[PDB]
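Visitor: So I've got this file, protein.csv, and it contains CSV, C-alpha atoms and all ligand atoms:
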chain,number,residue,atom,x,y,z
A,1,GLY,CA,91.1,134.1,6.5
A,2,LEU,CA,94.7,133.8,7.7
A,3,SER,CA,96.2,135.3,10.9
A,4,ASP,CA,99.2,137.6,10.6
A,5,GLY,CA,101.3,134.7,12.0
A,6,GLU,CA,100.0,132.4,9.3
A,7,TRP,CA,100.7,134.8,6.5
A,8,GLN,CA,104.3,135.2,7.8
A,9,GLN,CA,104.6,131.5,7.6
A,10,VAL,CA,103.2,131.4,4.0
A,11,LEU,CA,105.6,134.1,2.8
A,12,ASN,CA,108.6,132.4,4.6
A,13,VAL,CA,107.8,129.2,2.8
A,14,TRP,CA,107.5,131.1,-0.4
A,15,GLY,CA,111.1,132.3,0.0
A,16,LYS,CA,112.0,128.7,-0.7
A,17,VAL,CA,110.1,128.8,-4.0
A,18,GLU,CA,111.7,132.1,-5.0
A,19,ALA,CA,115.2,130.7,-4.7
A,20,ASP,CA,114.4,128.5,-7.7
A,21,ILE,CA,111.1,129.5,-9.3
A,22,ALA,CA,111.7,127.7,-12.6
A,23,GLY,CA,112.6,124.4,-10.8
A,24,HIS,CA,109.6,124.6,-8.5
A,25,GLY,CA,107.3,125.6,-11.3
A,26,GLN,CA,108.5,122.8,-13.5
A,27,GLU,CA,108.0,120.2,-10.8
A,28,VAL,CA,104.6,121.4,-9.9
A,29,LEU,CA,103.3,121.2,-13.5
A,30,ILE,CA,104.9,117.7,-14.0
A,31,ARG,CA,103.4,116.5,-10.8
A,32,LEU,CA,100.0,117.8,-12.1
A,33,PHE,CA,100.3,116.3,-15.6
A,34,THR,CA,101.6,112.9,-14.5
A,35,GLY,CA,99.1,112.5,-11.7
A,36,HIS,CA,96.2,113.8,-13.7
A,37,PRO,CA,96.8,113.3,-17.5
A,38,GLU,CA,93.5,115.0,-18.3
A,39,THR,CA,95.0,118.3,-17.3
A,40,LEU,CA,97.7,118.1,-20.0
A,41,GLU,CA,94.9,118.1,-22.6
A,42,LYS,CA,93.9,121.6,-21.5
A,43,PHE,CA,97.3,122.8,-22.8
A,44,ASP,CA,97.5,122.7,-26.6
A,45,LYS,CA,101.2,123.6,-26.2
A,46,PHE,CA,102.0,120.7,-23.9
A,47,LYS,CA,99.9,117.9,-25.2
A,48,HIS,CA,102.8,116.8,-27.4
A,49,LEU,CA,104.6,115.7,-24.3
A,50,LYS,CA,104.1,112.0,-24.2
A,51,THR,CA,106.6,111.2,-21.4
A,52,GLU,CA,107.9,112.6,-18.2
A,53,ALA,CA,111.3,112.7,-19.7
A,54,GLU,CA,110.0,114.9,-22.5
A,55,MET,CA,108.3,117.1,-19.8
A,56,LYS,CA,111.5,117.4,-17.9
A,57,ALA,CA,113.4,118.4,-21.0
A,58,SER,CA,110.8,120.9,-22.1
A,59,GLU,CA,112.2,124.5,-21.7
A,60,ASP,CA,108.8,125.9,-22.5
A,61,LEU,CA,107.2,123.9,-19.7
A,62,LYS,CA,109.7,125.4,-17.3
A,63,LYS,CA,108.9,128.8,-18.7
A,64,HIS,CA,105.2,128.4,-18.1
A,65,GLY,CA,106.0,127.1,-14.6
A,66,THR,CA,107.8,130.4,-13.9
A,67,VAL,CA,104.8,132.3,-15.3
A,68,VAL,CA,102.4,130.3,-13.0
A,69,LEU,CA,104.4,130.6,-9.8
A,70,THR,CA,105.2,134.3,-10.4
A,71,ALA,CA,101.5,135.0,-10.6
A,72,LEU,CA,100.7,132.9,-7.6
A,73,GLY,CA,103.5,134.6,-5.6
A,74,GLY,CA,102.2,138.0,-6.4
A,75,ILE,CA,98.7,137.0,-5.2
A,76,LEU,CA,100.1,135.5,-2.0
A,77,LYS,CA,102.1,138.6,-1.1
A,78,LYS,CA,98.8,140.5,-1.1
A,79,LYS,CA,97.8,138.4,1.9
A,80,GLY,CA,94.2,138.0,0.9
A,81,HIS,CA,93.7,141.5,-0.6
A,82,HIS,CA,94.0,140.1,-4.1
A,83,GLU,CA,90.7,140.9,-5.8
A,84,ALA,CA,92.4,142.9,-8.7
A,85,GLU,CA,95.0,140.1,-9.2
A,86,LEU,CA,92.7,137.1,-8.8
A,87,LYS,CA,89.6,138.2,-10.7
A,88,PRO,CA,91.3,138.3,-14.2
A,89,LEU,CA,93.1,135.0,-13.5
A,90,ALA,CA,89.8,133.4,-12.5
A,91,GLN,CA,88.0,134.7,-15.6
A,92,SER,CA,90.7,133.7,-18.1
A,93,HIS,CA,90.8,130.2,-16.6
A,94,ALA,CA,87.1,129.8,-16.7
A,95,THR,CA,86.1,131.4,-20.0
A,96,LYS,CA,89.3,131.0,-22.1
A,97,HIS,CA,91.1,127.9,-20.7
A,98,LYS,CA,88.1,126.1,-19.4
A,99,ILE,CA,89.8,124.9,-16.3
A,100,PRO,CA,87.4,123.1,-13.9
A,101,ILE,CA,87.9,124.1,-10.2
A,102,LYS,CA,88.9,120.5,-9.6
A,103,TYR,CA,92.1,121.1,-11.5
A,104,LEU,CA,92.9,124.0,-9.2
A,105,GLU,CA,92.5,121.6,-6.3
A,106,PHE,CA,94.9,119.2,-8.1
A,107,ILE,CA,97.6,121.9,-8.6
A,108,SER,CA,97.1,123.1,-5.0
A,109,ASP,CA,97.9,119.6,-3.8
A,110,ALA,CA,100.8,119.4,-6.2
A,111,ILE,CA,102.4,122.5,-4.7
A,112,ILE,CA,102.2,120.9,-1.2
A,113,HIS,CA,103.8,117.7,-2.5
A,114,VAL,CA,106.6,119.5,-4.3
A,115,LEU,CA,107.4,121.6,-1.2
A,116,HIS,CA,107.9,118.4,0.8
A,117,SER,CA,109.8,116.7,-2.1
A,118,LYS,CA,112.3,119.5,-2.5
A,119,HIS,CA,112.5,120.4,1.2
A,120,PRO,CA,112.1,117.2,3.1
A,121,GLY,CA,112.1,117.8,6.9
A,122,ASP,CA,112.1,121.6,6.2
A,123,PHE,CA,108.4,122.1,5.6
A,124,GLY,CA,107.0,121.8,9.1
A,125,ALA,CA,103.5,121.0,10.3
A,126,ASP,CA,102.7,124.7,11.0
A,127,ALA,CA,104.1,125.7,7.6
A,128,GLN,CA,102.0,123.2,5.8
A,129,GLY,CA,99.0,124.3,7.7
A,130,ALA,CA,99.5,127.9,6.7
A,131,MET,CA,100.3,127.3,3.0
A,132,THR,CA,97.3,125.0,2.8
A,133,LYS,CA,95.0,127.8,4.1
A,134,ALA,CA,96.5,130.3,1.7
A,135,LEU,CA,95.9,127.9,-1.3
A,136,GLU,CA,92.4,127.1,-0.1
A,137,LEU,CA,91.6,130.9,0.1
A,138,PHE,CA,93.1,131.3,-3.4
A,139,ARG,CA,91.0,128.4,-4.7
A,140,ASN,CA,87.8,129.5,-2.9
A,141,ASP,CA,88.0,133.0,-4.2
A,142,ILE,CA,88.4,131.7,-7.7
A,143,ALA,CA,85.4,129.4,-7.1
A,144,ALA,CA,83.3,132.4,-6.3
A,145,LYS,CA,84.2,134.0,-9.6
A,146,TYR,CA,83.4,130.7,-11.3
A,147,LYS,CA,80.0,130.6,-9.8
A,148,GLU,CA,79.4,134.2,-10.9
A,149,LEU,CA,80.1,133.0,-14.5
A,150,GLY,CA,78.1,129.8,-14.1
A,151,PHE,CA,81.2,127.9,-15.0
A,152,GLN,CA,81.6,124.2,-14.2
A,201,LIG,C1,98.4,128.0,-9.1
A,201,LIG,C2,97.2,128.1,-10.1
A,201,LIG,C3,97.4,128.8,-11.4
A,201,LIG,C4,97.9,130.0,-11.7
A,201,LIG,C5,98.5,131.0,-10.8
A,201,LIG,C6,97.9,130.1,-13.2
A,201,LIG,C7,98.3,131.2,-13.9
A,201,LIG,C8,98.3,131.3,-15.2
A,201,LIG,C9,98.8,132.5,-16.0
A,201,LIG,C10,99.4,133.7,-15.3
A,201,LIG,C11,98.6,132.2,-17.3
A,201,LIG,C12,99.0,133.2,-18.4
A,201,LIG,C13,97.9,134.3,-18.5
A,201,LIG,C14,96.5,133.9,-18.7
A,201,LIG,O1,96.1,133.2,-19.7
A,201,LIG,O2,95.7,134.2,-17.8
A,201,LIG,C15,98.0,130.9,-17.4
A,201,LIG,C16,97.7,130.3,-18.6
A,201,LIG,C17,97.1,129.1,-18.7
A,201,LIG,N1,96.8,128.3,-17.7
A,201,LIG,FE1,97.0,128.6,-15.7
A,201,LIG,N2,97.3,128.9,-13.8
A,201,LIG,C18,97.0,128.1,-12.7
A,201,LIG,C19,96.4,126.8,-12.8
A,201,LIG,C20,96.1,126.2,-14.0
A,201,LIG,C21,95.5,124.9,-14.1
A,201,LIG,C22,95.2,124.0,-12.9
A,201,LIG,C23,95.3,124.7,-15.5
A,201,LIG,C24,94.8,123.5,-16.2
A,201,LIG,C25,95.2,122.1,-15.7
A,201,LIG,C26,95.8,125.9,-16.2
A,201,LIG,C27,95.8,126.0,-17.6
A,201,LIG,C28,96.2,127.1,-18.2
A,201,LIG,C29,96.3,127.3,-19.7
A,201,LIG,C30,95.7,126.2,-20.7
A,201,LIG,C31,96.8,128.5,-20.0
A,201,LIG,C32,97.0,129.0,-21.4
A,201,LIG,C33,98.5,128.5,-21.8
A,201,LIG,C34,99.1,129.0,-23.1
A,201,LIG,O3,98.8,128.2,-24.1
A,201,LIG,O4,99.8,130.0,-23.2
A,201,LIG,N3,96.2,126.8,-15.3
A,201,LIG,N4,97.8,130.4,-16.2
Please render this file's structure as structure tokens.
Guide:
Amino acid sequence: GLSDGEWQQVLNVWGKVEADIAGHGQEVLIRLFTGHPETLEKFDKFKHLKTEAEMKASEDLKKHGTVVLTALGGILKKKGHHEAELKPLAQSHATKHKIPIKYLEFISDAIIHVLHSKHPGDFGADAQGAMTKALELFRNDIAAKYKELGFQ
């Protein structure tokens, strides 16, 4: 897992996200949808968005971005002791939303990209390393739940 120092880095970086959750959430989803169009198809409520301009102007997309990052933030603050918070998320995304683990890899990468884009020069090598480890832990624990369900 992560060391105490690494978790402190993760939560310090997260402070940046919390200053503008909607903005970060919106950019993460737009990065995901524009870089991997197949992901948009998983959202019946966002498949009407044919352009990035429409995505940017969508208040409902910003709303979902807030829901997504608020959930992730709650998980991150548990510093790995997130079974109760993560299990239900893993099961809903596998059985209900049908989200391949590959898409979770895509959104993890999108988060790192957005952090650099919104905070250039202020997301250090150590910070990136820590956030990456936290996102991999998140993804890997979801993957374990996916295997349990036999979900691909
Ligand atoms: C940072 C990783 C993610 C987090 C924390 C997250 C969190 C959530 C939460 C809290 C909800 C609402 C509750 C629920 O249905 O469980 C939700 C809904 C949903 N998520 Fe995710 N999600 C993540 C990644 C993804 C990815 C990668 C996809 C597909 C590309 C996806 C697709 C969906 C869909 C389709 C819904 C239902 C939306 C609706 O129509 O209301 N999620 N997600």
Visitor: Under the rule that all atoms listed in the file are counted, which of A:2, A:75, A:49, A:89 is the nearest residue to ligand LIG 201 (chain A)?
Guide: A:89
Visitor: Can you pull out every residue with an atom within 9 Å of ligand LIG 201 (chain A)? Use only C-alpha atoms and all ligand atoms and format it as a ChimeraX atom specification.
Guide: /A:29,32-33,36,38-46,64-65,67-73,75,86,88-93,96-108,111,135,138-139
Visitor: Between A:114, A:76, A:57, A:143, which has the minimum distance to residue 8 of chain A (counting all atoms listed in the file)?
Guide: A:76
Visitor: Show which residues sit within 10 Å of residue 124 of chain A, as a VMD selection string. Count all atoms listed in the file, and ignore same-chain residues fewer than 6 positions away.
Guide: chain A and resid 13 116 130
Visitor: Just write the chosen residues, C-alpha atoms, as a tab-separated table (two decimals), keeping the file's coordinate frame.
Guide:
chain	number	residue	atom	x	y	z
A	13	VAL	CA	107.80	129.20	2.80
A	116	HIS	CA	107.90	118.40	0.80
A	130	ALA	CA	99.50	127.90	6.70
Visitor: What's the separation between atom CA of residue 14 of chain A and atom CA of residue 144 of chain A, in Å to one decimal place?
Guide: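 Between atom CA of residue 14 of chain A and atom CA of residue 144 of chain A the gap works out to 24.9 Å.
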Visitor: Nearest to residue 131 of chain A: which of A:24, A:50, A:56, A:113 is it, counting all atoms listed in the file?
Guide: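 Smallest separation from residue 131 of chain A among the options: A:113.
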Visitor: With N, CA, C and O atoms as the target, complete segment 51-65 of chain A and hand it back as a PDB file, in the frame of the given file.
Guide:
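That gives us selection.pdb:
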ATOM      1  N   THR A  51     105.886 111.768 -22.544  1.00  0.00           N
ATOM      2  CA  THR A  51     106.600 111.200 -21.400  1.00  0.00           C
ATOM      3  C   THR A  51     107.072 112.186 -20.416  1.00  0.00           C
ATOM      4  O   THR A  51     107.188 113.367 -20.739  1.00  0.00           O
ATOM      5  N   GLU A  52     107.365 111.738 -19.200  1.00  0.00           N
ATOM      6  CA  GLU A  52     107.900 112.600 -18.200  1.00  0.00           C
ATOM      7  C   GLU A  52     109.244 113.145 -18.569  1.00  0.00           C
ATOM      8  O   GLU A  52     109.625 114.265 -18.237  1.00  0.00           O
ATOM      9  N   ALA A  53     109.997 112.310 -19.276  1.00  0.00           N
ATOM     10  CA  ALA A  53     111.300 112.700 -19.700  1.00  0.00           C
ATOM     11  C   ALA A  53     111.190 113.898 -20.649  1.00  0.00           C
ATOM     12  O   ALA A  53     111.956 114.856 -20.555  1.00  0.00           O
ATOM     13  N   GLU A  54     110.207 113.845 -21.541  1.00  0.00           N
ATOM     14  CA  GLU A  54     110.000 114.900 -22.500  1.00  0.00           C
ATOM     15  C   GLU A  54     109.538 116.178 -21.693  1.00  0.00           C
ATOM     16  O   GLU A  54     109.931 117.299 -22.015  1.00  0.00           O
ATOM     17  N   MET A  55     108.718 115.972 -20.666  1.00  0.00           N
ATOM     18  CA  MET A  55     108.300 117.100 -19.800  1.00  0.00           C
ATOM     19  C   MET A  55     109.446 117.749 -19.169  1.00  0.00           C
ATOM     20  O   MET A  55     109.583 118.973 -19.184  1.00  0.00           O
ATOM     21  N   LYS A  56     110.307 116.926 -18.576  1.00  0.00           N
ATOM     22  CA  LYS A  56     111.500 117.400 -17.900  1.00  0.00           C
ATOM     23  C   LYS A  56     112.437 118.170 -18.814  1.00  0.00           C
ATOM     24  O   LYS A  56     113.070 119.145 -18.402  1.00  0.00           O
ATOM     25  N   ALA A  57     112.522 117.727 -20.065  1.00  0.00           N
ATOM     26  CA  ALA A  57     113.400 118.400 -21.000  1.00  0.00           C
ATOM     27  C   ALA A  57     112.778 119.554 -21.751  1.00  0.00           C
ATOM     28  O   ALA A  57     113.444 120.237 -22.528  1.00  0.00           O
ATOM     29  N   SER A  58     111.506 119.821 -21.474  1.00  0.00           N
ATOM     30  CA  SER A  58     110.800 120.900 -22.100  1.00  0.00           C
ATOM     31  C   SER A  58     111.125 122.288 -21.466  1.00  0.00           C
ATOM     32  O   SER A  58     110.714 122.555 -20.337  1.00  0.00           O
ATOM     33  N   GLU A  59     111.838 123.146 -22.189  1.00  0.00           N
ATOM     34  CA  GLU A  59     112.200 124.500 -21.700  1.00  0.00           C
ATOM     35  C   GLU A  59     110.926 125.341 -21.615  1.00  0.00           C
ATOM     36  O   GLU A  59     110.813 126.222 -20.760  1.00  0.00           O
ATOM     37  N   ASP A  60     109.985 125.100 -22.522  1.00  0.00           N
ATOM     38  CA  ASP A  60     108.800 125.900 -22.500  1.00  0.00           C
ATOM     39  C   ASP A  60     107.887 125.561 -21.339  1.00  0.00           C
ATOM     40  O   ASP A  60     107.159 126.420 -20.845  1.00  0.00           O
ATOM     41  N   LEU A  61     107.952 124.317 -20.865  1.00  0.00           N
ATOM     42  CA  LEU A  61     107.200 123.900 -19.700  1.00  0.00           C
ATOM     43  C   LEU A  61     107.743 124.642 -18.480  1.00  0.00           C
ATOM     44  O   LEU A  61     107.006 125.105 -17.612  1.00  0.00           O
ATOM     45  N   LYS A  62     109.067 124.735 -18.416  1.00  0.00           N
ATOM     46  CA  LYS A  62     109.700 125.400 -17.300  1.00  0.00           C
ATOM     47  C   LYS A  62     109.337 126.889 -17.343  1.00  0.00           C
ATOM     48  O   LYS A  62     109.099 127.510 -16.307  1.00  0.00           O
ATOM     49  N   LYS A  63     109.286 127.439 -18.551  1.00  0.00           N
ATOM     50  CA  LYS A  63     108.900 128.800 -18.700  1.00  0.00           C
ATOM     51  C   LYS A  63     107.506 129.070 -18.215  1.00  0.00           C
ATOM     52  O   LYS A  63     107.272 130.035 -17.486  1.00  0.00           O
ATOM     53  N   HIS A  64     106.566 128.195 -18.564  1.00  0.00           N
ATOM     54  CA  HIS A  64     105.200 128.400 -18.100  1.00  0.00           C
ATOM     55  C   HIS A  64     105.167 128.206 -16.561  1.00  0.00           C
ATOM     56  O   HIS A  64     104.412 128.893 -15.879  1.00  0.00           O
ATOM     57  N   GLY A  65     105.981 127.299 -16.036  1.00  0.00           N
ATOM     58  CA  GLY A  65     106.000 127.100 -14.600  1.00  0.00           C
ATOM     59  C   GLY A  65     106.395 128.401 -13.907  1.00  0.00           C
ATOM     60  O   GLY A  65     105.857 128.745 -12.851  1.00  0.00           O
TER      61      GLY A  65
END
